[PDB]
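The chain that follows stands alone, in the form deposited in one PDB entry, written as structure tokens.
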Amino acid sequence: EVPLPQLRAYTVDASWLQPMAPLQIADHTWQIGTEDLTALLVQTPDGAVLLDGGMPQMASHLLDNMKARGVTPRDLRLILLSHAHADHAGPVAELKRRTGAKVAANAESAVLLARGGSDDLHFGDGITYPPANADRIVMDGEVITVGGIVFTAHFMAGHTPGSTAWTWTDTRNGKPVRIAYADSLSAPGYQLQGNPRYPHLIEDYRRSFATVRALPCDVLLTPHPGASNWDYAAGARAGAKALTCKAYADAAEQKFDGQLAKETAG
């Protein structure tokens, strides 16, 4: 006779969990996550901002890299998120407990975060993580300012209802650099058409392709660096092959159209 199956842990490619030292993107912006998961530190004269944290087991590594950059736990003021799945918001609860950081997110991301990713529209309870509360709810196009760096929220619903692109302007060589951190545009294993949990899913993805295409975007970064052709292990040429926001959106839409056609056939 047969017991119910054991719970299955959320396991990922080893490179997603491979720690790296801080990689500078612009004058105040650093990649401090792992080889294949983005976690951006923005350092200001008035505290630091973290955008995404990667997987749940990455908290101490993130804190180590912040320390290397001169950022103590007290100095981290704000956490922002691309979307509230386990491999990007994983360590948020722990980071809040261990730092001064407060979380700002839109309503959709906040409720999913507060559920620890449970009851996912597509994944069910398959990919959960420690829940956390948002300290501030943001609306589309709203700005948040830290130490004089201005972050703008651009909603791009689809991958999750609360998927967000964050944009800000840094400097490099005395010139402004408009950085766009665009969320995933993938739909891995999703039912796209006639999904009872997400009836306007296709319309939202189409709108989000257009949103991403139009972002202020000298430099594109994505939660999975491979999606924008970043190679965090490539040192001085880490960002050399990076896509434009236009190319990223076009590639995503072509892939999406292919998935729709396969779904109709399958």
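Residues that one form lacks are left out of the comparison. Residue numbers here begin at 1 and follow the sequence given. The term rigid core refers to the most C-alpha atoms you can superpose between the two forms while keeping them within 1.5 Å.
Absent from the display: the form deposited in another entry. The rest refers to it.
**Q** Could you check whether the CA atom of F256 moves 2 Å or more between this form and the one not shown, using the rigid core for the fit?
**A** It does not reach a 2 Å shift.
**Q** Is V12 among the residues whose Cα moves by 2 Å or more between this form and the one not shown after superposition of the rigid core?
**A** Shift at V12: 2 Å or more after core fit.
**Q** Note down every stretch of 3+ consecutive residues with C-alpha shifts of 2 Å or more between this form and the one not shown, superposition done on the rigid core, in sequence order.
**A** When the rigid core is held fixed, residues 1-16 make up the only run that shifts.
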